[PDB]
Amino acid sequence: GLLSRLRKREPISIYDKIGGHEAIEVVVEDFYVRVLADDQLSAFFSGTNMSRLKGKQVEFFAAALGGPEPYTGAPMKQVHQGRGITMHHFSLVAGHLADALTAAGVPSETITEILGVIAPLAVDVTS
Amino acid sequence: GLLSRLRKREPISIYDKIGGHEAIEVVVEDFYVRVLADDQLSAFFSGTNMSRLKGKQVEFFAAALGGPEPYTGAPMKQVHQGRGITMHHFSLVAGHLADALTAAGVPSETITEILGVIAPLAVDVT
Ligand code: HEM
Ligand code: HEM
């Protein structure tokens, strides 16, 4: 945990500073509510088991932000390639993530830092 | 609340200034009384969950006014998109908000301050 990490003089991760696994679960749950309510995005997920997805996204996001949990999903490029996702869509999705983080009380400077980790993924994500 | 905030040496926000969460609840409730009575505005709210809306409006105004809790609703542009809302409509709405704050006893100068925070939102709402 964070306590063990500090005893080792390791710098505090994003994961840790926004409240760890519990914080990410809440964010991700709110994130997909948003994404699915956006008529510009919802159809991409028409064939999706959202429980399973949200489960994989919690793992992905935790690991991306420094958490110790394994990501058990498929690679980003493979999953998204072929889906006709443009930068327009990716940006919309990013906005809902920022919104969810905002809603959970994450400081805006930290949300910017998180967007900094996620933005480069668009390379793998967009058509 | 305000007492804890003052003990932290935080400056008095507009939110705290007007009575905080409980005051905004009352104003919002009255605000929507007036909005729904205006024939030029009513039809926009046909079939709306007014209950949820009011709750989300309390969160929004409170946050916009320097309150302590984040707004958890949808962003202004997205939620108002595709409704054809004009500056005319926004102005009516802002007028109804000023009327509700006046009815709540909020001094005119603070109502002015509040409108200064609200007016710039027209860019997203229209
Ligand atoms: C922006 C960063 C994004 C990340 C980090 C991300 C991450 C993921 C993850 C972890 C999965 C699960 C993969 C698996 O099943 O193993 C997934 C699947 C998926 N992603 Fe994303 N995603 C992103 C953006 C988007 C965008 C912008 C869209 C389209 C607008 C999108 C559409 C989907 C769909 C529809 C699935 C599930 C496909 C299916 O199983 O039906 N993703 N993504
Ligand atoms: C004073 C600036 C305004 C603000 C701050 C504001 C704020 C909000 C908020 C917080 C919501 C709820 C979003 C959510 O469900 O998450 C909302 C929804 C809505 N607003 Fe506004 N609004 C403003 C002006 C207007 C005006 C001018 C109109 C039309 C004349 C309007 C009509 C509506 C409608 C029709 C909805 C959707 C209700 C629903 O079906 O859920 N608003 N607005």
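Letters A, B, ... are given to chains in the order of the sequence lines, protein chains preceding strands, and every chain is numbered from 1. Just the heavy atoms: all of them, side chains too, but no hydrogens, waters or symmetry mates, feed the values below.
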| query | What is the minimum heavy-atom distance between B:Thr72 and A:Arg34, and which atoms define it? | reply | O-NH2, 2.8 Å
| task | Determine whether A:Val28 and A:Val117 fall in the same hydrophobic cluster, where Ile, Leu, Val, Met, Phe, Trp and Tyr are linked whenever their side-chain heavy atoms lie under 4.5 Å apart. | result | yes
| Honestly curious: do A:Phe44 and A:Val125 fall in one hydrophobic cluster under the side-chain, below-4.5 Å linking rule? | yes
| Inter-chain contacts: residues 93-106 of chain A against chain B, heavy atoms under 4.5 Å | A:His96, A:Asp99, A:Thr102, A:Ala103, A:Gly105
| A:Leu92, A:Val33: one ILVMFWY side-chain cluster at the under-4.5 Å cut-off? | no
| query | Should we count CG of B:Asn49 as having more than 12 external heavy atoms under 6.0 Å? | reply | yes
| said: Would a single hydrophobic cluster contain both B:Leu2 and B:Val27, if residues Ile, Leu, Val, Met, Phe, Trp and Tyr are joined by side-chain heavy-atom contacts under 4.5 Å? | reply: no
| note | Honestly, the part of A:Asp30 sitting under 4.5 Å from a heavy atom of chain B is neither
| request: May I have all residue pairs that pass salt bridge (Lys or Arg N to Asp or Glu O under 4.0 Å) and include part of residues 63-74 of chain B, sequence neighbours excluded? | output: none
| query | If two hydrophobic side chains count as joined below 4.5 Å and joins carry through other members, does A:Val79 share a cluster with A:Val35? | reply | no
